[PDB]
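Visitor: need a 3D model of the sequence below.
(2 chains)
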Amino acid sequence: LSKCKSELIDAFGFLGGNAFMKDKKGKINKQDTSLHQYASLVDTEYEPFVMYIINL
Amino acid sequence: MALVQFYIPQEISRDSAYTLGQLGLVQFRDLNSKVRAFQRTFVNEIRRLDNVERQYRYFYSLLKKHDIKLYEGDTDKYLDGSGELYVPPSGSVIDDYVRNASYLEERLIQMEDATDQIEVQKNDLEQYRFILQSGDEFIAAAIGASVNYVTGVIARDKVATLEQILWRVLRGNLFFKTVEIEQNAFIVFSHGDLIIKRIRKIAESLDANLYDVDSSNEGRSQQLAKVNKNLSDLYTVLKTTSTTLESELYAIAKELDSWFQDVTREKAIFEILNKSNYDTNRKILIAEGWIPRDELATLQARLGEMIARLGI
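Guide: Numbers count the residues shown, from 1 in each chain, chains lettered A, B, ... in the order given. I have put the structure below:
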């Protein structure tokens, strides 16, 4: 998953715009911090192209 | 000569009398809080004491506003240079001194509120002058309501960045974003006329002054001509206020001080008299004596450790 998320971000992110592009790459599943987790809803960071991560 | 007033208990009556004695005081008669009408309890004096505390309050209110520092000087006697000149050998005329200070407090409050109302309006219009100028000129549609512009000032180009991401995600690319560095930052988003409120919510939440027109002087065509004439009225109206502020500062700074010293002596006169019931059961003795007029000066300087004076 980690590798997937990165390759798409690198490749397509440019289409959304440079302003849109933020680096906070990585993922923390433990409750130690709440940074590093993409979602357009939060002002903390944003997805840089229409991407949703679905976890069943 | 001048009638003089003393107060104590009857414990140090003798030690007080002796010391009174040595300053050439004459016809010393001990009395009570009843026999002289002035020195008799009344509800009237409880109010009078309040009128003096309202004067004291007023002095602080006035001194803050004029930007003239706190005054301590603390006289009630004529021995001192400023005590003689700023505190009159004749007794108090309570109605008058209150009446001088009451009016000025009132006139001062009205002025000050108005000065504040002028100062914010002027600083905002001079600011949004430039903004509207840019945004209209950028024309032939923004002297009407055909196209929609949102002029606005923002103090972080950083928070403006955050707004561009938001706008784009949920409101597409209907923004054209232009920016100029100002003295603030001038931001401009430009948008349709049916999504107007939607952009506003976003703008509101990150705190910007993005309004569709930032001034309300509008009513001549182009908008900017009315805004410039209103700002010529604003500028001189603050000046005129300052001139008024000055006139009042020159008349009353010295007077303020002279009232302050007077009032010290009046708080004393009501306690002497016994101003209320507490005062009565604390000082049961009030004495009478005559002090010759020249001498009257060294007497009020003297303040024992329980004795305060009023002269006439």
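
Visitor: where do the helices sit along the chain?
Guide: All of this is about chain A. A:2-16 (DSSP state H).

Visitor: wrong chain, I was asking about chain B
Guide: Under DSSP H, chain B gives helices at B:13-21, B:43-66, B:81-85, B:94-137, B:157-171, B:196-204, B:223-273, B:277-280, B:296-301.

Visitor: need those in a markdown table (columns: distance to chain A and mean neighbour count).
Guide: Yep, even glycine has a C-beta here, placed from its N, CA and C like the rest. Shown next, in a markdown table, are these (distance: least, Cβ to the nearest Cβ, whole Å; neighbours: other Cβ atoms under 10 Å in any protein chain shown):
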| stretch | distance to chain A | mean neighbour count |
| --- | --- | --- |
| helix B:13-21 | 78 | 15 |
| helix B:43-66 | 42 | 15 |
| helix B:81-85 | 64 | 13 |
| helix B:94-137 | 22 | 15 |
| helix B:157-171 | 5 | 16 |
| helix B:196-204 | 11 | 15 |
| helix B:223-273 | 31 | 16 |
| helix B:277-280 | 63 | 13 |
| helix B:296-301 | 71 | 19 |
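
Visitor: I'd like these written out as JSON lines, with distance to residue A:12 added.
Guide: Formatted as JSON lines, the helices of chain B follow (distance: least, Cβ to Cβ, whole Å):
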{"stretch": "helix B:13-21", "distance to residue A:12": "99"}
{"stretch": "helix B:43-66", "distance to residue A:12": "63"}
{"stretch": "helix B:81-85", "distance to residue A:12": "84"}
{"stretch": "helix B:94-137", "distance to residue A:12": "35"}
{"stretch": "helix B:157-171", "distance to residue A:12": "15"}
{"stretch": "helix B:196-204", "distance to residue A:12": "25"}
{"stretch": "helix B:223-273", "distance to residue A:12": "44"}
{"stretch": "helix B:277-280", "distance to residue A:12": "85"}
{"stretch": "helix B:296-301", "distance to residue A:12": "92"}
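
Visitor: out of those helices, which comes closest to residue A:11?
Guide: Proximity to residue A:11, assessed across these by Cβ to Cβ, is greatest for helix B:157-171 (19.7 Å).

Visitor: what are the contacting residues of that closest one?
Guide: A:17, A:19-20, A:40, A:43, A:46, B:154, B:175, B:177, B:179, B:185, B:187, B:189, B:195, B:198-199, B:202-203, B:206-208 (Cβ atoms under 8 Å, 6 or more residues apart in numbering or on different chains).

Visitor: buried subset of those?
Guide: A:20, A:40, A:46, B:154, B:175, B:177, B:185, B:187, B:189, B:199, B:202-203, B:208 (16 or more other Cβ atoms under 10 Å in any protein chain shown).

Visitor: could you export those residues as CSV, including distance to residue B:54?
Guide: Converted to CSV, the buried ones among the contacts of helix B:157-171 look like this (distance: Cβ to Cβ, whole Å):
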residue, distance to residue B:54
A:20, 64
A:40, 62
A:46, 61
B:154, 47
B:175, 59
B:177, 58
B:185, 49
B:187, 51
B:189, 54
B:199, 53
B:202, 52
B:203, 48
B:208, 46
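
Visitor: out of the residues you listed, what pair is the most spread apart?
Guide: A:40 and B:185 (25.2 Å).
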